[PDB]
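Asker: Before anything else, here's the structure in question.
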Amino acid sequence: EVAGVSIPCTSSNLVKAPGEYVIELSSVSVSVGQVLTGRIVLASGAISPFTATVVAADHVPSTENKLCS
Amino acid sequence: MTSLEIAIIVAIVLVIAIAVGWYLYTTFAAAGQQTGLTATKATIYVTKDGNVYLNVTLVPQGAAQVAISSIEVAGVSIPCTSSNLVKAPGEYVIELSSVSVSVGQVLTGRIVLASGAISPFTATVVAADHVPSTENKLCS
Amino acid sequence: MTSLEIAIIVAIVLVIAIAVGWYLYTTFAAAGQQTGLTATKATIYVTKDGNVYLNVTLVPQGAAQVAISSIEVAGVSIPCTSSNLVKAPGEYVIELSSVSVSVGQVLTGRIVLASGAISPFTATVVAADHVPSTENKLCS
Amino acid sequence: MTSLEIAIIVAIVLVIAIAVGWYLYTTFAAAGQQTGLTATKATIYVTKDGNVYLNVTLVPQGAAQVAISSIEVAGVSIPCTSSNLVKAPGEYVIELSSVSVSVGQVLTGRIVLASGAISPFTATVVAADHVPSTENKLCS
Amino acid sequence: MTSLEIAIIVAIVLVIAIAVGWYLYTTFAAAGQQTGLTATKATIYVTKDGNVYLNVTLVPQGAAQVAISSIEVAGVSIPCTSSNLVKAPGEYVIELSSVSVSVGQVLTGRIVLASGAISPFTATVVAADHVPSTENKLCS
Amino acid sequence: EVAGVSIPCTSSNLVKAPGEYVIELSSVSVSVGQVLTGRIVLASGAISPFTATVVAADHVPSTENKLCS
Amino acid sequence: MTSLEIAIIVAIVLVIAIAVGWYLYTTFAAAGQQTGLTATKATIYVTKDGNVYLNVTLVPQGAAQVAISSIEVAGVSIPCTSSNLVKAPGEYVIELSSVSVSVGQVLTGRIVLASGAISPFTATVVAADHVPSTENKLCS
């Protein structure tokens, strides 16, 4: 859940090891400069917040380590 | 004490420990959902025929669907009883009913949420032609 | 309590404390990226044949790639839908479409960014001969 | 219970107690090593031939060897893949690759660490003659 | 759990709590010693023979012995490698090496400390006869 | 009896030798991270508790040493 | 341990829990009573015969009966040893003993409380006819 938009995860939702992971946001329309918070809701009950800013980029990376596909 | 005692005591003790631990988890999960509105752009528009409308851009801080209670701008309060939910960041249009302004002035304002948090405006007036016919209205 | 309870509670409290601590770290790391544009030199140039173009020098404040939304100079607004990113400090050239001016006037201006920040101009007009053919265009 | 029972239970109980206690000790010893960078002086220098370089003074907060990931100044990011360790407090020199500035401007920036914490600059530009040939380089 | 366990855990927890508490005390005692220079009077004096010297009054803000690094006045930097400690509030005399000025001008400057803090001057020039022979020199 | 759900055992309910055994749980719906307790009720009267946590896994093991089939 | 031990330990542990918890409550209840004065209107009035008096309006910030220690206006200090309590928001009248002023001047001042907090004035002088005979005097 980021900026009020909730996104369910029904596949590859397991974190096997520490690393860098990439999550696609579906329909959130933002603009460069804004500051967005968020949460990662786990299955057990614990959570983890985001407070992540927006930065401009060119292309979607084609790599592994996706979390909600 | 006899192992019967340790059995009884460990059972009750473990029940209490699990209860308090997941109480802490639930408290954290509830405090993480603290939310509120914030504005990044606001410019009151006025048409030639006197119709005025606010064209603001909202971004919900947190992970929740904030509920807008009322918009108070330039002393004129405006209740909101429909479409008062901010579902996602975007550009929203709020119609001002009877505020009579003139091009050039500077008007401040507030967005009062249902929880208690607010947000100021510091918005100027700019001349425009026609009321936009689009979605993303906040108080209809 | 029994060391079983202290084990459970220490595990949960450690998880929560680590989460909140790195939440604070991420908040600081995100607030450190607050950015905005600033100008250090601006002089609207006019050619003999009527072509006008602004020759401004920008410096991005912060550590980010700011996005220019629109240029409003002397009441004429100009949208920007391509190459609207400022990658590094330098001298940039913006074509003004239809503003008809005369040598000597003093014009104001504003650069409206996407995040909300702005920047004034207080730029004057100076005579020039030909439109420069170079890179570093901002709104094409 | 029979002394056999108290023997068994005290053995297991003591093992668990020692485990949890030294778990607390090790958690404290790991939390004591939380570290981060801080800056006390930074003035970007520019040579007559266009070469620019940052002459910053770093002090590691904590008791550890912090690792520098990247330096972002005025929107220009610079990765660091060698000599990116801050071993002790001192004056360090970082070369900026292609940033083109002019004497007098005011530039901000960040030092992004490997753990996540950062440190901002707000460093001004000053004119200088020659690039210094010395040790204590951070991104080569 | 057995009071043997409570003994072990209370010992370890008390050690950790005392450590963290007096850590808080030491952190507060170190943050309370933050210091810096401030000026209340400065008038660059000039003699008939061309010798110039600044007659400034310093007051250390805080409770510490600030260290003066360099004096930069009107673009001329002057290093300080001796007597660069400010022991107590009072009137201090700094000699300027080669700055050639004329009565009436207005010069600004900075006192750059070792920690990072600075202080401006906004000091005018006034005519005087002879260089004073007294103590309280800052950069000799 | 685990997490309030009781499961009878009417076949291969004998423990021949110390070792690792596998019991299928019929309808208990859990989520990764929770902490469940339990009991093994014997025929003589003595019992044995569990306090066993949940861990994610991929496939049901196809092996011997089942206790309630 | 035997249930006798758990009985003793739980008794002492619960006593300590209640003590510390209601200590936290009482600390919060005491910190919530932090108070101080604030002014919203002040205009020193002067009569034709030389009698001067300040006609101020006070509002106690907090929930308490603040105590006024002294009034210092334009360098003249005036002690207060009676009626020095502000019981409720309202308009209060303070007599100035020997301050000799003239219509038009601009005077500042302070209200020094017993706790330590203060409040400035920025109060101008205005001509008036007679000293008002009413209640709500602060230093008699």
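Letters for chains follow the order of the structure tokens (A, B, ...), residue numbers begin at 1 for each chain, and ligand numbers begin at 1 in the order shown.
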Near chain C, meaning an atom within 8 Å, which residues of chain E appear when counting only C-alpha atoms? Write them as a ChimeraX atom specification.

Answerer: /E:1-2,5-6

Asker: Residues as selected, C-alpha atoms, written as a PDB file, in the first residue's frame, can you do that?

Answerer:
```
ATOM      1  CA  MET E   1      11.093 -18.896  35.303  1.00  0.00           C
ATOM      2  CA  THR E   2      13.374 -19.880  38.171  1.00  0.00           C
ATOM      3  CA  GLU E   5      17.082 -17.042  35.616  1.00  0.00           C
ATOM      4  CA  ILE E   6      15.668 -13.790  36.967  1.00  0.00           C
TER       5      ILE E   6
END
```

Asker: Go through chain F and collect every residue that DSSP, computed from the backbone, puts in strand (DSSP E); the answer should be as a ChimeraX atom specification.

Answerer: /F:35-36,52-53

Asker: For the residues in the current selection, export C-alpha atoms as a PDB file, in the first residue's frame.

Answerer:
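See part_19.pdb below for the written result:
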```pdb
ATOM      1  CA  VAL F  35       2.854 -19.554  16.342  1.00  0.00           C
ATOM      2  CA  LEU F  36       0.733 -22.631  17.070  1.00  0.00           C
ATOM      3  CA  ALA F  52       5.577 -25.205  16.949  1.00  0.00           C
ATOM      4  CA  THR F  53       5.898 -22.291  14.530  1.00  0.00           C
TER       5      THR F  53
END
```

Asker: Residues near region 31-47 of chain G, anyone? I mean within 9 Å using only C-alpha atoms, not counting same-chain ones fewer than 4 positions away, as JSON, numbers by chain.

Answerer: {"G": [26, 27, 51, 52, 53, 54, 55, 56, 57, 58, 59, 60, 61, 62, 63, 64, 65, 66, 68, 86, 91, 101, 102, 103, 107, 111, 113, 115, 116, 117, 118, 119, 120, 121, 122, 123, 124, 125, 126, 127, 128, 129, 130, 131]}

Asker: Could those residues be written to a file, using C-alpha atoms, as a short mmCIF file (atom, residue, chain, number, x, y, z; two decimals), in the first residue's frame?

Answerer:
```
data_model
loop_
_atom_site.label_atom_id
_atom_site.label_comp_id
_atom_site.auth_asym_id
_atom_site.auth_seq_id
_atom_site.Cartn_x
_atom_site.Cartn_y
_atom_site.Cartn_z
CA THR G 26 1.80 11.85 37.06
CA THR G 27 4.77 13.09 35.02
CA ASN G 51 -0.15 60.25 34.75
CA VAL G 52 0.69 57.28 32.53
CA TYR G 53 -0.75 53.78 32.64
CA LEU G 54 -0.58 50.71 30.42
CA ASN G 55 -3.90 49.26 29.21
CA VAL G 56 -2.98 45.72 28.16
CA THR G 57 -4.95 42.56 27.34
CA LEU G 58 -3.60 39.26 28.64
CA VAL G 59 -4.44 35.64 27.83
CA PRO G 60 -2.98 32.82 29.97
CA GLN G 61 -1.52 30.10 27.74
CA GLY G 62 -2.01 26.80 29.54
CA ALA G 63 -4.22 25.84 32.46
CA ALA G 64 -2.86 27.59 35.56
CA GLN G 65 -2.77 30.88 37.46
CA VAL G 66 0.43 32.55 36.28
CA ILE G 68 3.65 38.22 37.33
CA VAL G 86 -3.81 36.51 36.21
CA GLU G 91 -8.25 43.51 29.79
CA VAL G 101 7.00 60.12 27.76
CA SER G 102 5.42 62.15 24.97
CA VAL G 103 2.62 61.31 22.55
CA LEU G 107 8.02 51.78 23.56
CA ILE G 111 6.26 40.84 31.44
CA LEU G 113 6.69 35.66 35.06
CA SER G 115 8.39 30.54 36.20
CA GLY G 116 10.78 32.18 33.73
CA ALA G 117 8.79 32.75 30.56
CA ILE G 118 8.27 36.33 29.35
CA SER G 119 6.26 38.29 26.79
CA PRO G 120 7.15 41.41 24.75
CA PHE G 121 4.98 44.46 24.12
CA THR G 122 5.81 46.63 21.08
CA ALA G 123 3.32 49.17 22.43
CA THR G 124 2.87 52.73 21.19
CA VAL G 125 1.75 55.80 23.15
CA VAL G 126 -1.66 57.43 22.71
CA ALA G 127 -3.11 60.49 24.44
CA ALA G 128 -6.01 60.10 26.86
CA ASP G 129 -7.88 62.24 29.37
CA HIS G 130 -8.40 60.53 32.74
CA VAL G 131 -7.12 57.50 34.62
#
```

Asker: Which residues of chain B sit at most 12 Å from chain F, using only C-alpha atoms? Give each one's shortest atom pair and distance in Å (one decimal place), in chain and ascending residue order, as a tab-separated table.

Answerer:
```
residue	atom	partner	partner_atom	distance
B:7	CA	F:49	CA	9.8
B:10	CA	F:51	CA	11.1
B:11	CA	F:49	CA	9.8
B:14	CA	F:51	CA	9.2
B:15	CA	F:37	CA	9.9
B:17	CA	F:35	CA	11.5
B:18	CA	F:35	CA	8.2
B:19	CA	F:35	CA	11.0
B:21	CA	F:35	CA	11.0
B:22	CA	F:34	CA	9.6
B:25	CA	F:34	CA	11.8
```

Asker: With DSSP run on the backbone, what are the alpha helix (DSSP H) residues within chain B? I'd like them as a ChimeraX atom specification.

Answerer: /B:3-31

Asker: What does the distance from CA of residue 105 (chain E) to CA of residue 49 (chain E) come to in Å, to one decimal?

Answerer: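 Between these atoms lies a distance of 17.7 Å.
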
Asker: I'd like the superposed chain A, fitted onto chain F by least squares over all Cα atoms in order, as a compact mmCIF listing (two decimals) with N, CA and C atoms, in the first residue's frame.

Answerer:
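Okay, this is what ended up in result_26.txt:
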```txt
# COMPACT_ATOMS: atom_id res chain seq x y z
N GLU A 1 -4.10 -32.82 18.57
CA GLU A 1 -4.87 -31.59 18.68
C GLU A 1 -3.90 -30.42 18.58
N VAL A 2 -4.03 -29.64 17.51
CA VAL A 2 -3.18 -28.47 17.28
C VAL A 2 -4.07 -27.29 16.91
N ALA A 3 -3.90 -26.19 17.64
CA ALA A 3 -4.61 -24.94 17.36
C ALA A 3 -6.13 -25.14 17.39
N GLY A 4 -6.60 -25.97 18.31
CA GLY A 4 -8.01 -26.18 18.50
C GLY A 4 -8.64 -27.20 17.58
N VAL A 5 -7.95 -27.63 16.54
CA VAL A 5 -8.47 -28.62 15.60
C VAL A 5 -7.97 -29.99 16.01
N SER A 6 -8.89 -30.88 16.36
CA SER A 6 -8.55 -32.24 16.76
C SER A 6 -8.53 -33.14 15.53
N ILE A 7 -7.58 -34.08 15.52
CA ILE A 7 -7.42 -34.99 14.39
C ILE A 7 -7.25 -36.41 14.91
N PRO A 8 -8.24 -37.28 14.74
CA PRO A 8 -8.12 -38.65 15.23
C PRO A 8 -7.14 -39.46 14.40
N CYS A 9 -6.58 -40.48 15.04
CA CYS A 9 -5.62 -41.38 14.40
C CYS A 9 -6.09 -42.81 14.61
N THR A 10 -6.44 -43.48 13.51
CA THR A 10 -7.00 -44.82 13.56
C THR A 10 -6.18 -45.84 12.79
N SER A 11 -5.02 -45.44 12.26
CA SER A 11 -4.18 -46.36 11.51
C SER A 11 -2.73 -45.92 11.62
N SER A 12 -1.83 -46.90 11.71
CA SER A 12 -0.39 -46.66 11.84
C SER A 12 -0.08 -45.68 12.98
N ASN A 13 -0.84 -45.78 14.07
CA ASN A 13 -0.69 -44.88 15.21
C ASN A 13 0.31 -45.39 16.23
N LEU A 14 1.26 -46.22 15.82
CA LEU A 14 2.27 -46.77 16.70
C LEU A 14 3.62 -46.14 16.40
N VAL A 15 4.35 -45.78 17.45
CA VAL A 15 5.70 -45.24 17.33
C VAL A 15 6.67 -46.37 17.67
N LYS A 16 7.37 -46.88 16.66
CA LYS A 16 8.21 -48.05 16.86
C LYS A 16 9.62 -47.71 17.32
N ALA A 17 10.15 -46.56 16.93
CA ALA A 17 11.53 -46.21 17.23
C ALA A 17 11.68 -44.70 17.09
N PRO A 18 12.69 -44.11 17.74
CA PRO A 18 12.93 -42.68 17.57
C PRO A 18 13.22 -42.34 16.11
N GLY A 19 12.71 -41.19 15.68
CA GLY A 19 12.93 -40.76 14.31
C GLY A 19 12.09 -39.54 14.00
N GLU A 20 12.13 -39.16 12.72
CA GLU A 20 11.38 -38.02 12.22
C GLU A 20 10.11 -38.52 11.56
N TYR A 21 8.97 -38.00 12.00
CA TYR A 21 7.67 -38.45 11.53
C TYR A 21 6.88 -37.28 10.97
N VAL A 22 5.99 -37.59 10.02
CA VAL A 22 5.24 -36.59 9.27
C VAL A 22 3.76 -36.85 9.47
N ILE A 23 3.03 -35.82 9.88
CA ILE A 23 1.59 -35.90 10.10
C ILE A 23 0.91 -34.88 9.19
N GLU A 24 -0.11 -35.32 8.46
CA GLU A 24 -0.89 -34.40 7.64
C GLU A 24 -1.98 -33.75 8.48
N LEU A 25 -2.07 -32.42 8.40
CA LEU A 25 -3.16 -31.67 9.01
C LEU A 25 -4.24 -31.48 7.95
N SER A 26 -5.50 -31.73 8.33
CA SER A 26 -6.55 -31.86 7.33
C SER A 26 -7.00 -30.51 6.79
N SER A 27 -7.57 -29.66 7.65
CA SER A 27 -8.26 -28.47 7.19
C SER A 27 -7.81 -27.19 7.88
N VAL A 28 -6.73 -27.22 8.66
CA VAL A 28 -6.27 -26.01 9.34
C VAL A 28 -5.74 -25.03 8.31
N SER A 29 -6.29 -23.82 8.30
CA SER A 29 -5.86 -22.76 7.39
C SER A 29 -5.02 -21.77 8.18
N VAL A 30 -3.73 -21.71 7.88
CA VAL A 30 -2.78 -20.87 8.60
C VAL A 30 -2.08 -19.95 7.61
N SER A 31 -1.16 -19.14 8.15
CA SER A 31 -0.38 -18.22 7.35
C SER A 31 1.03 -18.15 7.92
N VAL A 32 2.01 -17.95 7.04
CA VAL A 32 3.40 -17.99 7.45
C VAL A 32 3.66 -16.95 8.53
N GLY A 33 4.28 -17.39 9.63
CA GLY A 33 4.68 -16.52 10.71
C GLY A 33 3.99 -16.81 12.03
N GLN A 34 2.77 -17.35 11.99
CA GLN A 34 2.02 -17.60 13.21
C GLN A 34 2.73 -18.61 14.10
N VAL A 35 2.30 -18.66 15.36
CA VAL A 35 2.84 -19.57 16.36
C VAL A 35 1.69 -20.40 16.91
N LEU A 36 1.77 -21.71 16.74
CA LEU A 36 0.72 -22.63 17.15
C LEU A 36 1.25 -23.60 18.19
N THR A 37 0.42 -23.89 19.19
CA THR A 37 0.74 -24.92 20.17
C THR A 37 -0.07 -26.17 19.85
N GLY A 38 0.03 -27.19 20.69
CA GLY A 38 -0.68 -28.43 20.42
C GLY A 38 -0.35 -29.48 21.46
N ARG A 39 -0.91 -30.67 21.25
CA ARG A 39 -0.70 -31.82 22.12
C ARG A 39 -0.72 -33.10 21.30
N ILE A 40 -0.01 -34.11 21.79
CA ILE A 40 -0.15 -35.48 21.31
C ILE A 40 -0.74 -36.29 22.45
N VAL A 41 -2.01 -36.66 22.34
CA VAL A 41 -2.69 -37.43 23.37
C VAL A 41 -2.43 -38.91 23.11
N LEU A 42 -1.83 -39.58 24.08
CA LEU A 42 -1.52 -40.99 23.97
C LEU A 42 -2.70 -41.83 24.45
N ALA A 43 -2.60 -43.14 24.26
CA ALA A 43 -3.67 -44.03 24.68
C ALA A 43 -3.63 -44.30 26.18
N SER A 44 -2.45 -44.25 26.79
CA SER A 44 -2.34 -44.50 28.22
C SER A 44 -2.80 -43.32 29.06
N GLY A 45 -2.56 -42.10 28.61
CA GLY A 45 -2.96 -40.93 29.36
C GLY A 45 -1.97 -39.79 29.32
N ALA A 46 -0.68 -40.11 29.21
CA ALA A 46 0.34 -39.09 29.10
C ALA A 46 0.21 -38.34 27.78
N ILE A 47 0.74 -37.12 27.75
CA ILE A 47 0.64 -36.24 26.60
C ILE A 47 2.01 -35.65 26.30
N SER A 48 2.07 -34.81 25.27
CA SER A 48 3.28 -34.12 24.86
C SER A 48 2.88 -32.91 24.04
N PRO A 49 3.30 -31.71 24.42
CA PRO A 49 2.90 -30.49 23.71
C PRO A 49 3.82 -30.15 22.54
N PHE A 50 3.39 -29.17 21.75
CA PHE A 50 4.03 -28.85 20.47
C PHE A 50 4.76 -27.51 20.46
N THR A 51 4.05 -26.41 20.72
CA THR A 51 4.54 -25.03 20.55
C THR A 51 5.43 -24.90 19.30
N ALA A 52 4.83 -25.23 18.16
CA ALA A 52 5.54 -25.26 16.89
C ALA A 52 5.12 -24.08 16.02
N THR A 53 6.10 -23.43 15.40
CA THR A 53 5.83 -22.31 14.51
C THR A 53 5.61 -22.79 13.09
N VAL A 54 5.21 -21.86 12.22
CA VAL A 54 4.91 -22.16 10.82
C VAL A 54 6.06 -21.67 9.96
N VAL A 55 6.39 -22.44 8.93
CA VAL A 55 7.45 -22.10 7.98
C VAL A 55 6.97 -22.46 6.59
N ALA A 56 7.38 -21.67 5.60
CA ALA A 56 6.97 -21.88 4.22
C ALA A 56 7.72 -23.06 3.61
N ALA A 57 7.02 -23.80 2.75
CA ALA A 57 7.60 -24.93 2.05
C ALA A 57 6.91 -25.08 0.71
N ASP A 58 7.48 -25.93 -0.15
CA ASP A 58 7.01 -26.02 -1.53
C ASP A 58 6.11 -27.23 -1.76
N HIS A 59 6.61 -28.44 -1.49
CA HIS A 59 5.91 -29.66 -1.86
C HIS A 59 5.77 -30.59 -0.66
N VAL A 60 4.69 -31.35 -0.66
CA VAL A 60 4.48 -32.37 0.38
C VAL A 60 5.49 -33.49 0.19
N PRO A 61 6.22 -33.90 1.23
CA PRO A 61 7.21 -34.96 1.05
C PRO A 61 6.55 -36.31 0.88
N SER A 62 7.09 -37.09 -0.05
CA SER A 62 6.62 -38.45 -0.30
C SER A 62 7.61 -39.40 0.36
N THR A 63 7.32 -39.78 1.60
CA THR A 63 8.22 -40.62 2.38
C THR A 63 7.40 -41.43 3.37
N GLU A 64 8.07 -42.37 4.03
CA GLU A 64 7.44 -43.21 5.04
C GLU A 64 7.37 -42.44 6.36
N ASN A 65 7.10 -43.16 7.45
CA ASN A 65 7.05 -42.59 8.79
C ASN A 65 5.89 -41.61 8.94
N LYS A 66 4.74 -41.98 8.39
CA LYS A 66 3.51 -41.24 8.64
C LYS A 66 2.81 -41.83 9.85
N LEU A 67 2.15 -40.97 10.62
CA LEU A 67 1.60 -41.37 11.90
C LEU A 67 0.08 -41.49 11.93
N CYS A 68 -0.64 -40.75 11.09
CA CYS A 68 -2.10 -40.79 11.08
C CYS A 68 -2.56 -40.71 9.63
N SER A 69 -2.79 -41.87 9.03
CA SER A 69 -3.22 -41.94 7.64
C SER A 69 -4.58 -42.63 7.52
```

Asker: Rounded to one decimal, what separation in Å do you get between CA of residue 74 (chain E) and CA of residue 95 (chain E)?

Answerer: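 About the pair CA of residue 74 (chain E) and CA of residue 95 (chain E): they are 14.1 Å apart.
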
Asker: With a distance cut-off of 12 Å and only C-alpha atoms, select the neighbouring residues of residue 77 (chain B), excluding the residue or stretch itself and same-chain residues fewer than 6 positions from it, and output the selection as a list in words.

Answerer: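 My list of contacting residues is residues 69, 70, 71, 96, 97, 98, 99, 109, 110, 111 and 112 of chain B.
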
Asker: Write out the residues from the selection above, keeping C-alpha atoms, as an mmCIF file, in the first residue's frame.

Answerer:
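And here is the file that came out, out_17.cif:
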```
data_model
loop_
_atom_site.group_PDB
_atom_site.id
_atom_site.type_symbol
_atom_site.label_atom_id
_atom_site.label_comp_id
_atom_site.auth_asym_id
_atom_site.auth_seq_id
_atom_site.Cartn_x
_atom_site.Cartn_y
_atom_site.Cartn_z
ATOM 1 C CA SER B 69 -14.936 16.866 5.780
ATOM 2 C CA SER B 70 -15.094 20.475 4.569
ATOM 3 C CA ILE B 71 -13.221 23.117 2.583
ATOM 4 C CA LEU B 96 -16.890 27.008 -4.885
ATOM 5 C CA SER B 97 -20.518 28.028 -4.524
ATOM 6 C CA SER B 98 -20.893 31.761 -3.909
ATOM 7 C CA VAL B 99 -17.450 33.264 -3.237
ATOM 8 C CA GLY B 109 -7.723 28.112 2.805
ATOM 9 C CA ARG B 110 -7.877 24.769 4.562
ATOM 10 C CA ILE B 111 -8.905 21.193 3.842
ATOM 11 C CA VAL B 112 -10.286 19.714 7.065
#
```
